[PDB]
Each structure stands twice: as C-alpha cells, then as structure tokens.
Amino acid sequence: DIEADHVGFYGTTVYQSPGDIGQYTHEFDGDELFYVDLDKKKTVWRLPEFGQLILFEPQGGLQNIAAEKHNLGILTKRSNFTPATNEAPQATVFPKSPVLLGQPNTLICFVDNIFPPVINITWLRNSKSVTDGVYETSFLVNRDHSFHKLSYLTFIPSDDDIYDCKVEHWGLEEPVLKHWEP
C-alpha cells in the first residue's frame, strides 16, 4: 500500500457488456467529488458547492468511457472470453448521528463487495417500501477492484419503528435485508 498524505482518483472508469453500463467519477481521499452522467452529458457534483468555483467538462468522462468500450472488446477476446464472477455484496446499516426521538436524522446503508457494478438498494419502514428522502452515491472503487455504495434515508426516529436496507444483486439468490432499530 502506497504511503501518501492525499490521494486523488482523477479518472475512475468502469464499463461492462452486455447492457452498455458505464460510470465515470472523480474522488479525493476516498470521497466522491462528482460523476459524469454519460447519457445526459453533464457533471453532477456530490455536494453542490463543489462546482461553484470549479468546472469539469463532461467530455473527459466521454473520452474515458469510449476508450474503455474499446479496451473491453480487446481484452475480452484476449482473455478467451472469461466472464466476470458475480460477487455477493454485504450491507451494514447505521445512523448518521446519535438517534434522538423526534430529531431528524439519516440512516446510512453501506454496501460492500459489489461486482459487477449493478445493484438495487431500497429501504423498508415497517416492512413497507420508502422512496421519499432517499439518495444514493455512485459506485465507489475498492483496492481489490470491487466497488462499494451507500444509500441514505431521511427519517424521524420513533419508538419501535423498524427499518430494513434491502439489497438485490446478481450474486444473491434472493434479496438480503439488513435490519435496524434504535
């Protein structure tokens, strides 16, 4: 492991086929700066104040993805069409800040060992699905070339309210729920 004060990933690219699924991000010290929406051709900053002084031309993401489409084709053939292995992801749920009755908070679902980078993370309150107040990060790179990902649910902590983080992935026979209560 290389010793450094800081690490920028100024170019993280992934592409897979079939399905034409791809992602381009920048990170600094392990946090996402932005991803380029490759279909809308625009830069989407993790926090909106990142882009108030700084610009990233989406074309750089387009450059990387086109090169990776090409590289995927060549290396697939050179490997004698060795397919990727579907991993089984694993999830941990924890609160953003200490849980206090009636005080708005955020429940965080951290999901690791994601490969290939295609997944569903959804939330359940009292076994009923919740779509409001949900944000999800990009696929963030791991040293072993798998990925991790976080989903965020805004909630008001109450008495015996019950949450599950539900993960579905090709490497899972059935969706895994990760439970959580105060």
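Numbering starts at 1 and follows the sequence shown. The term rigid core refers to the maximal set of C-alpha atoms that superpose within 1.5 Å between the two forms.
Once the rigid core is used to overlay the structures in 5 other deposited structures of this protein, the stretch among 158 to 166 and 15 to 23 whose CA atoms lie farther from this form is 158 to 166. Look at the mean CA B-factor for 120 to 128 and for 140 to 148 in the entry; the higher one is 120 to 128. With 13 to 21 and 157 to 165 compared on mean CA B-factor from the PDB entry, the stretch scoring higher is 157 to 165. Take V134, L33, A67, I114 and read off each C-alpha B-factor from the entry; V134 has the highest. Take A91, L72, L100, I108 and read off each C-alpha B-factor from the entry; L100 has the highest. When all modelled residues of the chain are sorted by CA temperature factor, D29 is found within the middle third. Per the PDB record, residue ranking by Cα B-factor puts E57 in the lowest third of the chain.
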